[PDB]
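Structure, as structure tokens:
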Amino acid sequence: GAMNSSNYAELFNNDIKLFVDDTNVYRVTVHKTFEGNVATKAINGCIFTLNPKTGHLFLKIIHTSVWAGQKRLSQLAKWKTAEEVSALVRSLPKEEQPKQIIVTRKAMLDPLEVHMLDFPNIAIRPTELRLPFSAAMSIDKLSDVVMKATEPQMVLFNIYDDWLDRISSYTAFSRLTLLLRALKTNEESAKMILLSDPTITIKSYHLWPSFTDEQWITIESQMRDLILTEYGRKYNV
Amino acid sequence: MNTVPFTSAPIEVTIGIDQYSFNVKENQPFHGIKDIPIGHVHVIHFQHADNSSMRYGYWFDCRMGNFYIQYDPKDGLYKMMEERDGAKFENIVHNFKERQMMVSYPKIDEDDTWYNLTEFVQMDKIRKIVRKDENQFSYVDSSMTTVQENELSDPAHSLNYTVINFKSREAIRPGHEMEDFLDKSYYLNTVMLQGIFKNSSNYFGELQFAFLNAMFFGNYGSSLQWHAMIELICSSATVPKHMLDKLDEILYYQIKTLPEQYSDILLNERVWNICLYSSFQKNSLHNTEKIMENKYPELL
Ligand SMILES: N#C[C@@H](N)c1cccc(Cl)c1
Ligand SMILES: N#C[C@H](N)c1cccc(Cl)c1
């Protein structure tokens, strides 16, 4: 069924599973036309497919050419997402295929179920968690590869860098969701926190800075302070 | 005009014949139903006064044999049987007719209701949904499950309706996932009409039979089938015009006949609101939409 706080440790067991977030698949800017009407211009998007145990991220870049001449794009985007996730599963060796796919938005359930009819033993599940994966495009190296793409492309990342050498996947996912929630709530301040100290850098092969264990504690506290600060600003608390 | 005689009525029972119903008292001198119109299937059905559990009944066509009802005190129900001796059956019926111990199928001359509800229903197709090859008539009751219900448990006692499942490989061509899920025309026209039913008359016959079993027995699986067969047409962008016009007539007479006080249990709000107001055919069912809005505006 649906995945929630009661069964949260299930994310870090040994059954292969993937989260799929479609928020950033169909992205547009809205603008006025010469005649004073309104029109949209699409920009490149991405499917965010993540194994929360290992940190492996399958970032399928959705190039704007896939929308050319198509109608009802917000609906199509869900079905294109499901088509691409299905294609990914089929591309993986059998022993790497997921036993569960958890979609972050319930509107993806039917499109994904229909595309996965050939896999009756892969469970397609919603979640009651509010996960901040829409903020993936606030990670500079991910946004850069999406915006530079000139054609459809799949790029593979480890969204946890090397953290699993020192922490569990439960703690790594908690760190990731805190960072992403902070970037979603106040992107400029979050990036300031992450880069303020020039002596801590991002390795060429990493997405996040090379913080020591003690520095991660400080950073995590600063991210929590940001989120709470923004909540007080929002609600006048 | 044909006759279904009864040996006796040993237990108090409500007896229905098609859309008509009447009460018989325990040990009342009742010996059956005469003047049954030739040319249609019919259903004779029962609800016991001391145990409204299990509505049950029999679908039959008097052109296929001579049928009578005898109460079985061991199995505790009224059973349909076939009498192969024609001269004996005629003699038994003539005696009861002379003694005026039979009620008369009260068909008003102006009234086409039963034809309208059974236009496409054939006894031969009923006998393939309800499998009991040694009898020419078919038993149905309130509790019988459908093949589809059993997949999600005695197979010999099942209703073998055609399985309709919108999220199944049968309904969805590989490579046409969005297309076939949002527009069911492939599944309706190629898979169901051309492939399984062979023509629209057989499809409408099964739809009509499912509705009648839902209404007369409160058979839940039959109600599910009736709604699935409506939804499959309404959710198809490409449907022959003659089928849409006929569906509107079929549904109009079904909604007209439904008991007002059973609407809460016999009508699926989601399906009807989708079919009348959101589907490809939302504007193709004028007569049905008008009766639904005037008779059951709450459901909508
Ligand atoms: N009209 C009517 C019913 N009360 C009724 C009475 C006696 C026989 C039959 Cl079939 C129906
Ligand atoms: N004797 C005899 C059978 N019980 C029988 C046959 C035909 C009609 C009826 Cl009511 C009864």
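By convention in this document, the chains of the structure tokens carry letters A, B, ... by their order, each chain's residues are numbered from 1, and ligands are numbered from 1 in the order they are shown.
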Check which residues fall inside 7 Å of ligand 1 when counting only C-alpha atoms and all ligand atoms, and print them as a PDB file with C-alpha atoms, in the first residue's frame.
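Below you can see selection-v5.pdb, which holds the result:
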```pdb
ATOM      1  CA  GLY B  16     -41.728 -12.869  -9.253  1.00  0.00           C
ATOM      2  CA  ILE B  17     -42.060 -13.393 -13.031  1.00  0.00           C
ATOM      3  CA  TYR B  20     -44.020  -8.521 -11.790  1.00  0.00           C
ATOM      4  CA  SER B  21     -44.225  -9.802  -8.158  1.00  0.00           C
ATOM      5  CA  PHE B  22     -46.987 -11.418  -5.972  1.00  0.00           C
ATOM      6  CA  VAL B 103     -52.493 -16.468 -11.883  1.00  0.00           C
ATOM      7  CA  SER B 104     -52.317 -14.788 -15.348  1.00  0.00           C
ATOM      8  CA  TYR B 105     -49.028 -13.039 -16.521  1.00  0.00           C
ATOM      9  CA  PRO B 106     -50.581  -9.525 -16.333  1.00  0.00           C
TER      10      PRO B 106
END
```
Expected selection as number ranges by chain for ligand 2 within 7 Å, only C-alpha atoms and all ligand atoms: B: 5-7, 31, 68-70, 83, 89, 92
Within 8 Å of chain B, which residues of chain A are there when counting only C-alpha atoms? Please give them as JSON, numbers by chain. {"A": [79, 111, 113, 114, 115, 117, 118]}
Written file, previous selection with C-alpha atoms, as a compact mmCIF listing (two decimals), in the first residue's frame:
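After the write, out.txt holds the following:
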```
# COMPACT_ATOMS: atom_id res chain seq x y z
CA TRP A 79 2.93 8.87 -19.29
CA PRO A 111 0.48 5.56 -15.75
CA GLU A 113 0.96 0.53 -13.31
CA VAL A 114 -0.14 0.39 -16.96
CA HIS A 115 3.43 0.61 -18.25
CA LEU A 117 1.85 -4.74 -16.57
CA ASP A 118 4.67 -7.03 -17.83
```
Please provide as a list in words all residues within 9 Å of residue 194 (chain A), with the sequence filter that same-chain residues fewer than 5 positions apart are discarded (counting only C-alpha atoms). residues 189, 200, 208, 209 and 219 of chain A
Prev. selection, N, CA and C atoms, output as a compact mmCIF listing (two decimals), in the first residue's frame:
```txt
# COMPACT_ATOMS: atom_id res chain seq x y z
N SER A 189 19.84 31.05 0.70
CA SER A 189 20.43 30.90 2.02
C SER A 189 21.03 29.51 2.20
N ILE A 200 36.35 24.56 2.18
CA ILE A 200 35.68 23.28 1.99
C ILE A 200 35.12 23.29 0.58
N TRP A 208 28.16 17.41 -3.38
CA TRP A 208 28.09 18.20 -2.17
C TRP A 208 29.51 18.44 -1.65
N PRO A 209 29.69 19.40 -0.75
CA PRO A 209 31.04 19.67 -0.22
C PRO A 209 31.56 18.54 0.66
N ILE A 219 26.49 22.01 9.74
CA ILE A 219 25.71 22.32 8.55
C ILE A 219 24.26 21.91 8.76
```
Using only C-alpha atoms, determine which residues lie at most 8 Å from residue 105 (chain A), disregarding the query and same-chain residues fewer than 4 positions distant; provide the list as a ChimeraX atom specification. /A:21-22,109,126-127
Find the residues around residue 46 (chain A) up to 10 Å (only C-alpha atoms counted), leave out those fewer than 2 positions away in its own chain, and share them as a PDB file with N, CA, C and O atoms, in the first residue's frame.
```pdb
ATOM      1  N   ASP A  21      10.144  10.634  -8.849  1.00  0.00           N
ATOM      2  CA  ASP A  21       9.563  11.968  -8.741  1.00  0.00           C
ATOM      3  C   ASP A  21       9.506  12.575 -10.134  1.00  0.00           C
ATOM      4  O   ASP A  21      10.535  12.655 -10.825  1.00  0.00           O
ATOM      5  N   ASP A  22       8.316  12.964 -10.553  1.00  0.00           N
ATOM      6  CA  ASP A  22       8.056  13.540 -11.863  1.00  0.00           C
ATOM      7  C   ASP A  22       7.885  15.067 -11.857  1.00  0.00           C
ATOM      8  O   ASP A  22       7.525  15.636 -12.896  1.00  0.00           O
ATOM      9  N   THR A  23       8.108  15.719 -10.718  1.00  0.00           N
ATOM     10  CA  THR A  23       7.786  17.130 -10.652  1.00  0.00           C
ATOM     11  C   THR A  23       8.507  17.917 -11.745  1.00  0.00           C
ATOM     12  O   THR A  23       7.907  18.818 -12.347  1.00  0.00           O
ATOM     13  N   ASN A  24       9.782  17.591 -12.015  1.00  0.00           N
ATOM     14  CA  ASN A  24      10.623  18.389 -12.907  1.00  0.00           C
ATOM     15  C   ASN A  24      10.666  17.851 -14.336  1.00  0.00           C
ATOM     16  O   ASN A  24      11.538  18.244 -15.126  1.00  0.00           O
ATOM     17  N   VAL A  25       9.702  17.037 -14.729  1.00  0.00           N
ATOM     18  CA  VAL A  25       9.713  16.480 -16.074  1.00  0.00           C
ATOM     19  C   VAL A  25       9.302  17.542 -17.092  1.00  0.00           C
ATOM     20  O   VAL A  25       9.997  17.780 -18.092  1.00  0.00           O
ATOM     21  N   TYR A  26       8.158  18.186 -16.863  1.00  0.00           N
ATOM     22  CA  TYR A  26       7.597  19.198 -17.752  1.00  0.00           C
ATOM     23  C   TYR A  26       7.747  20.531 -17.037  1.00  0.00           C
ATOM     24  O   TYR A  26       7.074  20.788 -16.031  1.00  0.00           O
ATOM     25  N   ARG A  27       8.657  21.364 -17.538  1.00  0.00           N
ATOM     26  CA  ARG A  27       8.982  22.641 -16.924  1.00  0.00           C
ATOM     27  C   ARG A  27       8.759  23.721 -17.964  1.00  0.00           C
ATOM     28  O   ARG A  27       9.099  23.530 -19.140  1.00  0.00           O
ATOM     29  N   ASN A  44      14.264  22.229 -20.580  1.00  0.00           N
ATOM     30  CA  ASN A  44      14.620  20.842 -20.347  1.00  0.00           C
ATOM     31  C   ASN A  44      14.266  20.451 -18.921  1.00  0.00           C
ATOM     32  O   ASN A  44      14.384  21.263 -18.004  1.00  0.00           O
ATOM     33  N   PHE A  48      13.517  12.036 -11.757  1.00  0.00           N
ATOM     34  CA  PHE A  48      14.383  11.821 -10.601  1.00  0.00           C
ATOM     35  C   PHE A  48      14.006  10.440 -10.079  1.00  0.00           C
ATOM     36  O   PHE A  48      12.942  10.261  -9.473  1.00  0.00           O
ATOM     37  N   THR A  49      14.855   9.446 -10.330  1.00  0.00           N
ATOM     38  CA  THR A  49      14.624   8.059  -9.915  1.00  0.00           C
ATOM     39  C   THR A  49      15.763   7.663  -8.985  1.00  0.00           C
ATOM     40  O   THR A  49      16.921   7.590  -9.422  1.00  0.00           O
ATOM     41  N   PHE A  58      19.197   7.744 -11.057  1.00  0.00           N
ATOM     42  CA  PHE A  58      19.081   7.585 -12.501  1.00  0.00           C
ATOM     43  C   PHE A  58      18.374   8.850 -12.959  1.00  0.00           C
ATOM     44  O   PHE A  58      17.155   8.968 -12.839  1.00  0.00           O
ATOM     45  N   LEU A  59      19.127   9.831 -13.474  1.00  0.00           N
ATOM     46  CA  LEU A  59      18.567  11.123 -13.880  1.00  0.00           C
ATOM     47  C   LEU A  59      18.336  11.064 -15.386  1.00  0.00           C
ATOM     48  O   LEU A  59      19.282  11.161 -16.180  1.00  0.00           O
ATOM     49  N   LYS A  60      17.084  10.880 -15.806  1.00  0.00           N
ATOM     50  CA  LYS A  60      16.764  10.861 -17.220  1.00  0.00           C
ATOM     51  C   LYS A  60      16.435  12.286 -17.602  1.00  0.00           C
ATOM     52  O   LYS A  60      15.452  12.851 -17.103  1.00  0.00           O
ATOM     53  N   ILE A  61      17.249  12.880 -18.488  1.00  0.00           N
ATOM     54  CA  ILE A  61      17.028  14.237 -18.928  1.00  0.00           C
ATOM     55  C   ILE A  61      15.959  14.219 -20.019  1.00  0.00           C
ATOM     56  O   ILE A  61      16.017  13.403 -20.959  1.00  0.00           O
ATOM     57  N   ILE A  62      14.927  15.055 -19.845  1.00  0.00           N
ATOM     58  CA  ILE A  62      13.798  15.184 -20.754  1.00  0.00           C
ATOM     59  C   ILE A  62      14.059  16.432 -21.587  1.00  0.00           C
ATOM     60  O   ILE A  62      13.924  17.564 -21.105  1.00  0.00           O
ATOM     61  N   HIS A  63      14.427  16.244 -22.848  1.00  0.00           N
ATOM     62  CA  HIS A  63      14.760  17.368 -23.679  1.00  0.00           C
ATOM     63  C   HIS A  63      13.483  17.953 -24.290  1.00  0.00           C
ATOM     64  O   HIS A  63      12.513  17.233 -24.556  1.00  0.00           O
ATOM     65  N   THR A  81       6.979   9.856 -18.267  1.00  0.00           N
ATOM     66  CA  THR A  81       7.703   9.415 -17.086  1.00  0.00           C
ATOM     67  C   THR A  81       7.580   7.922 -16.937  1.00  0.00           C
ATOM     68  O   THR A  81       8.553   7.220 -16.653  1.00  0.00           O
ATOM     69  N   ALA A 136      15.749  18.992  -6.566  1.00  0.00           N
ATOM     70  CA  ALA A 136      16.941  18.419  -7.172  1.00  0.00           C
ATOM     71  C   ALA A 136      17.601  19.398  -8.132  1.00  0.00           C
ATOM     72  O   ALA A 136      18.823  19.389  -8.282  1.00  0.00           O
ATOM     73  N   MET A 137      16.810  20.217  -8.815  1.00  0.00           N
ATOM     74  CA  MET A 137      17.391  21.183  -9.733  1.00  0.00           C
ATOM     75  C   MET A 137      18.048  22.351  -9.016  1.00  0.00           C
ATOM     76  O   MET A 137      18.613  23.222  -9.682  1.00  0.00           O
ATOM     77  N   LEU A 142      23.513  18.887 -11.059  1.00  0.00           N
ATOM     78  CA  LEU A 142      22.351  18.304 -11.722  1.00  0.00           C
ATOM     79  C   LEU A 142      21.679  19.304 -12.650  1.00  0.00           C
ATOM     80  O   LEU A 142      21.354  18.971 -13.787  1.00  0.00           O
ATOM     81  N   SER A 143      21.410  20.520 -12.168  1.00  0.00           N
ATOM     82  CA  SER A 143      20.825  21.541 -13.032  1.00  0.00           C
ATOM     83  C   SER A 143      21.686  21.773 -14.279  1.00  0.00           C
ATOM     84  O   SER A 143      21.155  21.933 -15.390  1.00  0.00           O
ATOM     85  N   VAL A 145      23.722  19.730 -15.982  1.00  0.00           N
ATOM     86  CA  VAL A 145      23.631  18.693 -17.003  1.00  0.00           C
ATOM     87  C   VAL A 145      22.263  18.727 -17.678  1.00  0.00           C
ATOM     88  O   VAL A 145      22.147  18.490 -18.893  1.00  0.00           O
ATOM     89  N   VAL A 146      21.216  19.068 -16.934  1.00  0.00           N
ATOM     90  CA  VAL A 146      19.899  19.133 -17.536  1.00  0.00           C
ATOM     91  C   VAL A 146      19.821  20.275 -18.549  1.00  0.00           C
ATOM     92  O   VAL A 146      19.337  20.122 -19.665  1.00  0.00           O
ATOM     93  N   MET A 147      20.344  21.449 -18.157  1.00  0.00           N
ATOM     94  CA  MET A 147      20.195  22.615 -19.030  1.00  0.00           C
ATOM     95  C   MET A 147      21.107  22.549 -20.242  1.00  0.00           C
ATOM     96  O   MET A 147      20.748  23.076 -21.308  1.00  0.00           O
ATOM     97  N   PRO A 152      17.854  13.778 -25.594  1.00  0.00           N
ATOM     98  CA  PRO A 152      17.590  12.903 -24.445  1.00  0.00           C
ATOM     99  C   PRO A 152      18.860  12.200 -23.985  1.00  0.00           C
ATOM    100  O   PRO A 152      19.722  11.832 -24.788  1.00  0.00           O
ATOM    101  N   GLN A 153      18.998  12.042 -22.672  1.00  0.00           N
ATOM    102  CA  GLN A 153      20.222  11.511 -22.105  1.00  0.00           C
ATOM    103  C   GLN A 153      19.864  10.959 -20.741  1.00  0.00           C
ATOM    104  O   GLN A 153      18.974  11.492 -20.096  1.00  0.00           O
ATOM    105  N   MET A 154      20.529   9.885 -20.338  1.00  0.00           N
ATOM    106  CA  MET A 154      20.476   9.381 -18.967  1.00  0.00           C
ATOM    107  C   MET A 154      21.833   9.621 -18.325  1.00  0.00           C
ATOM    108  O   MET A 154      22.866   9.278 -18.919  1.00  0.00           O
TER     109      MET A 154
END
```
Quick one: pick out all strand (DSSP E) residues within region 19-132 of chain A from a backbone DSSP run and write them as a PyMOL selection string. chain A and resi 19-21+27-32+38-43+45-50+56-62+100-103+123-125
Only C-alpha atoms, please: the residues just picked out, written as an mmCIF file, in the first residue's frame.
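Wrote part-v3.cif, looks like this:
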```cif
data_model
loop_
_atom_site.group_PDB
_atom_site.id
_atom_site.type_symbol
_atom_site.label_atom_id
_atom_site.label_comp_id
_atom_site.auth_asym_id
_atom_site.auth_seq_id
_atom_site.Cartn_x
_atom_site.Cartn_y
_atom_site.Cartn_z
ATOM 1 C CA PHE A 19 11.511 6.495 -5.632
ATOM 2 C CA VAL A 20 10.219 8.220 -8.779
ATOM 3 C CA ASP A 21 9.563 11.968 -8.741
ATOM 4 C CA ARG A 27 8.982 22.641 -16.924
ATOM 5 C CA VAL A 28 7.869 25.929 -18.473
ATOM 6 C CA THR A 29 8.241 29.679 -18.328
ATOM 7 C CA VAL A 30 5.015 31.670 -18.768
ATOM 8 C CA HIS A 31 5.150 34.913 -20.768
ATOM 9 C CA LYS A 32 3.088 37.456 -22.692
ATOM 10 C CA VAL A 38 -0.033 34.332 -22.653
ATOM 11 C CA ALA A 39 2.123 31.464 -23.890
ATOM 12 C CA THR A 40 4.457 28.897 -22.369
ATOM 13 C CA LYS A 41 8.009 27.993 -23.363
ATOM 14 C CA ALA A 42 9.233 24.596 -22.213
ATOM 15 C CA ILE A 43 12.727 24.086 -20.812
ATOM 16 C CA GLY A 45 13.404 18.683 -17.486
ATOM 17 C CA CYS A 46 14.336 15.437 -15.756
ATOM 18 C CA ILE A 47 12.944 12.322 -14.083
ATOM 19 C CA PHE A 48 14.383 11.821 -10.601
ATOM 20 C CA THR A 49 14.624 8.059 -9.915
ATOM 21 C CA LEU A 50 16.480 7.249 -6.690
ATOM 22 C CA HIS A 56 22.115 5.663 -6.947
ATOM 23 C CA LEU A 57 20.236 8.294 -8.948
ATOM 24 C CA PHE A 58 19.081 7.585 -12.501
ATOM 25 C CA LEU A 59 18.567 11.123 -13.880
ATOM 26 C CA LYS A 60 16.764 10.861 -17.220
ATOM 27 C CA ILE A 61 17.028 14.237 -18.928
ATOM 28 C CA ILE A 62 13.798 15.184 -20.754
ATOM 29 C CA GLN A 100 8.883 -1.796 -5.390
ATOM 30 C CA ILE A 101 8.598 1.597 -7.111
ATOM 31 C CA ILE A 102 7.302 4.395 -4.853
ATOM 32 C CA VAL A 103 5.887 7.431 -6.695
ATOM 33 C CA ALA A 123 4.683 -3.258 -6.468
ATOM 34 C CA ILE A 124 3.727 0.307 -7.453
ATOM 35 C CA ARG A 125 3.069 2.343 -4.310
#
```
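Distances from B:296, B:217, B:115, B:203 to residue 45 (chain B) were compared using only C-alpha atoms, and the smallest one belongs to B:217.
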Contacts of residue 23 (chain B) at 10 Å or less, counting only C-alpha atoms, minus same-chain residues fewer than 5 places along, as a list in words? residues 12, 13, 14, 15, 16, 46, 47, 48 and 49 of chain B
DSSP says helix (DSSP H, G or I) for which residues of region 110-206 of chain B? Put them as a PyMOL selection string? chain B and resi 113-118+123-129+147-151+155-157+177-182+185-197+200-206
